[PDB]
Amino acid sequence: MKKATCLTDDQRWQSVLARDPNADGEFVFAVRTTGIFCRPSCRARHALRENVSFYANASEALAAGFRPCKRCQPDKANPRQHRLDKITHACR
Ligand SMILES: [Zn+2]
């Protein structure tokens with residue numbers, strides 16, 4: 001309850017390295033270099049602890065003036081999906 005050994009930025013990245021998929025509400029982490037914020041689970045090839053800092057939630061990370069990560073916050077994964085030509089107006 002009122003206790004948790006060592007809450008150091010160390011084990012912050014331990015829970016976040018483990019990819020703890022269910023740590024939504026537990027905190028967020030914020031990679032200043034892309035100006036995005038995430039849940040610990042960020043499955044894409046990690047950006048270092050050293051560019052990354054930890055909040056309570058994404059409204060705090062919004063307080064930092066960031067945007068939700070395309071993988072973590074909505075879950076906005078676009079892999080499979082066609083990389084269709086590009087040019088606009090295609091009625092056929
Ligand atoms: Zn992410």
# chains A, B, ... in the order shown; residues from 1 in each chain; ligands from 1
$ residues_near_ligand --ligand "ligand 1" --cutoff "7 Å" --atoms "only C-alpha atoms and all ligand atoms" --output "PyMOL selection string"
chain A and resi 37-39+42+69-72
$ residues_around --residues "stretch 53-68 of chain A" --least-positions-apart "2" --cutoff "7 Å" --atoms "only C-alpha atoms" --output "CSV table (one decimal) with N, CA and C atoms, in the first residue's frame"
chain,number,residue,atom,x,y,z
A,25,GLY,N,-2.6,2.9,-16.9
A,25,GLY,CA,-3.1,3.5,-15.6
A,25,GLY,C,-2.0,3.4,-14.5
A,26,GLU,N,-1.1,2.5,-14.6
A,26,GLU,CA,0.1,2.3,-13.7
A,26,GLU,C,1.1,3.4,-13.9
A,27,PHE,N,1.3,3.8,-15.2
A,27,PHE,CA,2.1,5.0,-15.6
A,27,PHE,C,2.1,5.2,-17.1
A,28,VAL,N,2.8,6.2,-17.6
A,28,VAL,CA,3.3,6.4,-19.0
A,28,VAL,C,4.8,6.6,-19.0
A,29,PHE,N,5.5,6.6,-20.2
A,29,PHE,CA,6.9,7.0,-20.4
A,29,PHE,C,7.0,7.8,-21.7
A,30,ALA,N,7.8,8.8,-21.7
A,30,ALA,CA,7.9,10.0,-22.7
A,30,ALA,C,9.3,10.2,-23.3
A,31,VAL,N,9.4,9.8,-24.6
A,31,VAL,CA,10.7,9.9,-25.3
A,31,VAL,C,10.8,11.3,-26.0
A,35,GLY,N,9.0,13.4,-29.2
A,35,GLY,CA,7.9,14.1,-28.5
A,35,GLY,C,6.6,13.3,-28.4
A,36,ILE,N,6.7,12.0,-28.4
A,36,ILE,CA,5.6,11.1,-28.1
A,36,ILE,C,5.7,10.5,-26.7
A,37,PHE,N,4.5,10.0,-26.2
A,37,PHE,CA,4.4,9.3,-24.9
A,37,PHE,C,3.7,7.9,-25.1
A,38,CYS,N,3.9,6.9,-24.2
A,38,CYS,CA,3.6,5.5,-24.4
A,38,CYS,C,3.1,4.9,-23.0
A,70,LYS,N,1.9,5.9,-32.0
A,70,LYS,CA,1.0,5.3,-33.0
A,70,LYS,C,0.8,3.8,-32.8
A,73,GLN,N,-0.8,4.1,-27.3
A,73,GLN,CA,-1.8,5.0,-26.6
A,73,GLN,C,-3.2,4.7,-27.2
$ residues_around --residues "residue A:20" --least-positions-apart "4" --cutoff "7 Å" --atoms "only C-alpha atoms" --output "PDB file with N, CA and C atoms, in the first residue's frame"
ATOM      1  N   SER A  15      10.145  -2.611 -15.642  1.00  0.00           N
ATOM      2  CA  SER A  15       8.731  -2.844 -15.992  1.00  0.00           C
ATOM      3  C   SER A  15       8.430  -2.542 -17.484  1.00  0.00           C
ATOM      4  N   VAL A  16       9.162  -1.557 -18.048  1.00  0.00           N
ATOM      5  CA  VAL A  16       8.995  -1.024 -19.407  1.00  0.00           C
ATOM      6  C   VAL A  16       9.855  -1.819 -20.414  1.00  0.00           C
ATOM      7  N   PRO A  40       4.358   1.221 -20.874  1.00  0.00           N
ATOM      8  CA  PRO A  40       5.618   0.456 -20.801  1.00  0.00           C
ATOM      9  C   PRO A  40       5.873  -0.520 -21.972  1.00  0.00           C
ATOM     10  N   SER A  41       4.805  -0.963 -22.660  1.00  0.00           N
ATOM     11  CA  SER A  41       4.754  -2.120 -23.567  1.00  0.00           C
ATOM     12  C   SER A  41       5.351  -1.830 -24.958  1.00  0.00           C
TER      13      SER A  41
END
$ closest_residue --among "A:32, A:1, A:13, A:23" --to "residue A:46" --atoms "only C-alpha atoms"
A:13
$ select_by_dssp --residues "chain A" --states "helix (DSSP H, G or I)" --output "VMD selection string"
chain A and resid 9 to 17 49 to 51 58 to 63
$ closest_residue --among "A:44, A:24, A:85, A:52" --to "residue A:12" --atoms "only C-alpha atoms"
A:52
$ closest_residue --among "A:77, A:91, A:84, A:48" --to "residue A:10" --atoms "only C-alpha atoms"
A:48
$ select_by_dssp --residues "chain A" --states "strand (DSSP E)" --output "ChimeraX atom specification"
/A:28-31,36-38,52-55,67-68
$ write_last_selection --atoms "N, CA, C and O atoms" --output "PDB file, in the first residue's frame"
ATOM      1  N   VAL A  28       2.838   6.227 -17.585  1.00  0.00           N
ATOM      2  CA  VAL A  28       3.300   6.362 -18.976  1.00  0.00           C
ATOM      3  C   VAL A  28       4.822   6.618 -18.994  1.00  0.00           C
ATOM      4  O   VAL A  28       5.421   6.851 -17.938  1.00  0.00           O
ATOM      5  N   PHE A  29       5.461   6.566 -20.181  1.00  0.00           N
ATOM      6  CA  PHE A  29       6.851   6.993 -20.410  1.00  0.00           C
ATOM      7  C   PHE A  29       6.968   7.817 -21.711  1.00  0.00           C
ATOM      8  O   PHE A  29       6.259   7.547 -22.681  1.00  0.00           O
ATOM      9  N   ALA A  30       7.846   8.840 -21.709  1.00  0.00           N
ATOM     10  CA  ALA A  30       7.864   9.967 -22.653  1.00  0.00           C
ATOM     11  C   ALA A  30       9.260  10.158 -23.286  1.00  0.00           C
ATOM     12  O   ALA A  30      10.186  10.614 -22.611  1.00  0.00           O
ATOM     13  N   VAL A  31       9.406   9.833 -24.585  1.00  0.00           N
ATOM     14  CA  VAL A  31      10.659   9.929 -25.350  1.00  0.00           C
ATOM     15  C   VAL A  31      10.780  11.328 -25.994  1.00  0.00           C
ATOM     16  O   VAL A  31      10.294  11.543 -27.106  1.00  0.00           O
ATOM     17  N   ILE A  36       6.708  11.995 -28.374  1.00  0.00           N
ATOM     18  CA  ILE A  36       5.603  11.056 -28.139  1.00  0.00           C
ATOM     19  C   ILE A  36       5.679  10.498 -26.699  1.00  0.00           C
ATOM     20  O   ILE A  36       6.748  10.503 -26.085  1.00  0.00           O
ATOM     21  N   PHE A  37       4.540  10.001 -26.176  1.00  0.00           N
ATOM     22  CA  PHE A  37       4.425   9.253 -24.917  1.00  0.00           C
ATOM     23  C   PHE A  37       3.673   7.919 -25.125  1.00  0.00           C
ATOM     24  O   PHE A  37       2.932   7.764 -26.095  1.00  0.00           O
ATOM     25  N   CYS A  38       3.889   6.946 -24.218  1.00  0.00           N
ATOM     26  CA  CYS A  38       3.593   5.516 -24.372  1.00  0.00           C
ATOM     27  C   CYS A  38       3.134   4.890 -23.035  1.00  0.00           C
ATOM     28  O   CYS A  38       3.239   5.510 -21.976  1.00  0.00           O
ATOM     29  N   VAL A  52      14.009   9.104 -22.045  1.00  0.00           N
ATOM     30  CA  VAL A  52      12.665   8.640 -21.665  1.00  0.00           C
ATOM     31  C   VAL A  52      12.397   8.962 -20.179  1.00  0.00           C
ATOM     32  O   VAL A  52      13.252   8.695 -19.327  1.00  0.00           O
ATOM     33  N   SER A  53      11.225   9.546 -19.860  1.00  0.00           N
ATOM     34  CA  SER A  53      10.792   9.879 -18.493  1.00  0.00           C
ATOM     35  C   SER A  53       9.312   9.507 -18.252  1.00  0.00           C
ATOM     36  O   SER A  53       8.536   9.398 -19.200  1.00  0.00           O
ATOM     37  N   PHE A  54       8.949   9.290 -16.969  1.00  0.00           N
ATOM     38  CA  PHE A  54       7.755   8.555 -16.528  1.00  0.00           C
ATOM     39  C   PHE A  54       6.747   9.462 -15.781  1.00  0.00           C
ATOM     40  O   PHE A  54       7.115  10.249 -14.908  1.00  0.00           O
ATOM     41  N   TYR A  55       5.457   9.354 -16.150  1.00  0.00           N
ATOM     42  CA  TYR A  55       4.276  10.029 -15.602  1.00  0.00           C
ATOM     43  C   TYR A  55       3.333   9.034 -14.886  1.00  0.00           C
ATOM     44  O   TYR A  55       3.584   7.830 -14.851  1.00  0.00           O
ATOM     45  N   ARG A  67       2.286  14.009 -28.046  1.00  0.00           N
ATOM     46  CA  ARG A  67       1.200  13.300 -28.738  1.00  0.00           C
ATOM     47  C   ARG A  67       1.234  11.781 -28.437  1.00  0.00           C
ATOM     48  O   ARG A  67       2.316  11.249 -28.176  1.00  0.00           O
ATOM     49  N   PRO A  68       0.082  11.067 -28.426  1.00  0.00           N
ATOM     50  CA  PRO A  68       0.009   9.605 -28.257  1.00  0.00           C
ATOM     51  C   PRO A  68       0.685   8.777 -29.375  1.00  0.00           C
ATOM     52  O   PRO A  68       0.366   8.933 -30.555  1.00  0.00           O
TER      53      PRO A  68
END
$ closest_residue --among "A:78, A:43, A:51, A:83" --to "residue A:17" --atoms "only C-alpha atoms"
A:43
$ atom_distance --atom1 "atom CA of residue A:49" --atom2 "atom CA of residue A:11"
10.4 Å
$ closest_residue --among "A:9, A:47, A:3, A:21" --to "residue A:75" --atoms "only C-alpha atoms"
A:21
$ atom_distance --atom1 "atom CA of residue A:45" --atom2 "atom CA of residue A:14"
15.2 Å
$ atom_distance --atom1 "atom CA of residue A:4" --atom2 "atom CA of residue A:19"
19.8 Å
$ decode --residues "stretch 19-47 of chain A" --atoms "N, CA and C atoms" --output "PDB file, in the first residue's frame"
ATOM      1  N   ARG A  19       8.148  -5.204 -21.056  1.00  0.00           N
ATOM      2  CA  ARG A  19       7.094  -4.938 -22.043  1.00  0.00           C
ATOM      3  C   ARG A  19       5.690  -5.098 -21.415  1.00  0.00           C
ATOM      4  N   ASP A  20       5.580  -4.817 -20.101  1.00  0.00           N
ATOM      5  CA  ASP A  20       4.418  -5.111 -19.251  1.00  0.00           C
ATOM      6  C   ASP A  20       3.118  -4.576 -19.900  1.00  0.00           C
ATOM      7  N   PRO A  21       2.415  -5.364 -20.751  1.00  0.00           N
ATOM      8  CA  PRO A  21       1.390  -4.867 -21.685  1.00  0.00           C
ATOM      9  C   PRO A  21       0.185  -4.220 -20.967  1.00  0.00           C
ATOM     10  N   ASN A  22       0.020  -4.513 -19.663  1.00  0.00           N
ATOM     11  CA  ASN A  22      -1.181  -4.248 -18.857  1.00  0.00           C
ATOM     12  C   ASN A  22      -0.911  -3.143 -17.812  1.00  0.00           C
ATOM     13  N   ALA A  23       0.125  -2.312 -18.058  1.00  0.00           N
ATOM     14  CA  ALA A  23       0.591  -1.243 -17.165  1.00  0.00           C
ATOM     15  C   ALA A  23      -0.016   0.123 -17.553  1.00  0.00           C
ATOM     16  N   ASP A  24      -1.064   0.120 -18.400  1.00  0.00           N
ATOM     17  CA  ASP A  24      -1.995   1.242 -18.603  1.00  0.00           C
ATOM     18  C   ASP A  24      -2.694   1.628 -17.282  1.00  0.00           C
ATOM     19  N   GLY A  25      -2.624   2.918 -16.901  1.00  0.00           N
ATOM     20  CA  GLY A  25      -3.101   3.460 -15.623  1.00  0.00           C
ATOM     21  C   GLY A  25      -2.006   3.436 -14.536  1.00  0.00           C
ATOM     22  N   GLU A  26      -1.070   2.472 -14.622  1.00  0.00           N
ATOM     23  CA  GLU A  26       0.069   2.300 -13.707  1.00  0.00           C
ATOM     24  C   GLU A  26       1.097   3.436 -13.902  1.00  0.00           C
ATOM     25  N   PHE A  27       1.304   3.848 -15.173  1.00  0.00           N
ATOM     26  CA  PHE A  27       2.081   5.031 -15.567  1.00  0.00           C
ATOM     27  C   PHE A  27       2.069   5.230 -17.100  1.00  0.00           C
ATOM     28  N   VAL A  28       2.838   6.227 -17.585  1.00  0.00           N
ATOM     29  CA  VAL A  28       3.300   6.362 -18.976  1.00  0.00           C
ATOM     30  C   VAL A  28       4.822   6.618 -18.994  1.00  0.00           C
ATOM     31  N   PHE A  29       5.461   6.566 -20.181  1.00  0.00           N
ATOM     32  CA  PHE A  29       6.851   6.993 -20.410  1.00  0.00           C
ATOM     33  C   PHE A  29       6.968   7.817 -21.711  1.00  0.00           C
ATOM     34  N   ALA A  30       7.846   8.840 -21.709  1.00  0.00           N
ATOM     35  CA  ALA A  30       7.864   9.967 -22.653  1.00  0.00           C
ATOM     36  C   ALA A  30       9.260  10.158 -23.286  1.00  0.00           C
ATOM     37  N   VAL A  31       9.406   9.833 -24.585  1.00  0.00           N
ATOM     38  CA  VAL A  31      10.659   9.929 -25.350  1.00  0.00           C
ATOM     39  C   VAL A  31      10.780  11.328 -25.994  1.00  0.00           C
ATOM     40  N   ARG A  32      11.434  12.273 -25.291  1.00  0.00           N
ATOM     41  CA  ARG A  32      11.475  13.706 -25.620  1.00  0.00           C
ATOM     42  C   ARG A  32      11.909  13.935 -27.084  1.00  0.00           C
ATOM     43  N   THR A  33      12.622  12.963 -27.684  1.00  0.00           N
ATOM     44  CA  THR A  33      13.348  13.097 -28.955  1.00  0.00           C
ATOM     45  C   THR A  33      12.377  13.024 -30.154  1.00  0.00           C
ATOM     46  N   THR A  34      11.297  12.228 -30.030  1.00  0.00           N
ATOM     47  CA  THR A  34      10.169  12.163 -30.970  1.00  0.00           C
ATOM     48  C   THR A  34       8.965  12.980 -30.452  1.00  0.00           C
ATOM     49  N   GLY A  35       8.982  13.390 -29.170  1.00  0.00           N
ATOM     50  CA  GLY A  35       7.912  14.146 -28.502  1.00  0.00           C
ATOM     51  C   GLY A  35       6.601  13.339 -28.428  1.00  0.00           C
ATOM     52  N   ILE A  36       6.708  11.995 -28.374  1.00  0.00           N
ATOM     53  CA  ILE A  36       5.603  11.056 -28.139  1.00  0.00           C
ATOM     54  C   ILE A  36       5.679  10.498 -26.699  1.00  0.00           C
ATOM     55  N   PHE A  37       4.540  10.001 -26.176  1.00  0.00           N
ATOM     56  CA  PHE A  37       4.425   9.253 -24.917  1.00  0.00           C
ATOM     57  C   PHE A  37       3.673   7.919 -25.125  1.00  0.00           C
ATOM     58  N   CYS A  38       3.889   6.946 -24.218  1.00  0.00           N
ATOM     59  CA  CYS A  38       3.593   5.516 -24.372  1.00  0.00           C
ATOM     60  C   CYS A  38       3.134   4.890 -23.035  1.00  0.00           C
ATOM     61  N   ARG A  39       2.667   3.631 -23.096  1.00  0.00           N
ATOM     62  CA  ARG A  39       2.588   2.659 -21.992  1.00  0.00           C
ATOM     63  C   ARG A  39       3.871   1.790 -21.996  1.00  0.00           C
ATOM     64  N   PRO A  40       4.358   1.221 -20.874  1.00  0.00           N
ATOM     65  CA  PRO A  40       5.618   0.456 -20.801  1.00  0.00           C
ATOM     66  C   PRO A  40       5.873  -0.520 -21.972  1.00  0.00           C
ATOM     67  N   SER A  41       4.805  -0.963 -22.660  1.00  0.00           N
ATOM     68  CA  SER A  41       4.754  -2.120 -23.567  1.00  0.00           C
ATOM     69  C   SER A  41       5.351  -1.830 -24.958  1.00  0.00           C
ATOM     70  N   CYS A  42       6.011  -0.670 -25.171  1.00  0.00           N
ATOM     71  CA  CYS A  42       6.274  -0.120 -26.517  1.00  0.00           C
ATOM     72  C   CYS A  42       7.131  -1.106 -27.343  1.00  0.00           C
ATOM     73  N   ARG A  43       6.474  -1.957 -28.154  1.00  0.00           N
ATOM     74  CA  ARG A  43       7.019  -3.200 -28.723  1.00  0.00           C
ATOM     75  C   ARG A  43       8.079  -2.909 -29.808  1.00  0.00           C
ATOM     76  N   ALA A  44       7.944  -1.782 -30.532  1.00  0.00           N
ATOM     77  CA  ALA A  44       8.938  -1.259 -31.484  1.00  0.00           C
ATOM     78  C   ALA A  44      10.305  -1.041 -30.799  1.00  0.00           C
ATOM     79  N   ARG A  45      11.408  -1.291 -31.529  1.00  0.00           N
ATOM     80  CA  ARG A  45      12.783  -1.338 -31.012  1.00  0.00           C
ATOM     81  C   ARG A  45      13.061  -0.141 -30.074  1.00  0.00           C
ATOM     82  N   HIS A  46      13.134  -0.403 -28.756  1.00  0.00           N
ATOM     83  CA  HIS A  46      13.055   0.589 -27.674  1.00  0.00           C
ATOM     84  C   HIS A  46      13.937   1.823 -27.963  1.00  0.00           C
ATOM     85  N   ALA A  47      13.475   3.018 -27.547  1.00  0.00           N
ATOM     86  CA  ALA A  47      14.283   4.234 -27.380  1.00  0.00           C
ATOM     87  C   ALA A  47      14.769   4.381 -25.920  1.00  0.00           C
TER      88      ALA A  47
END
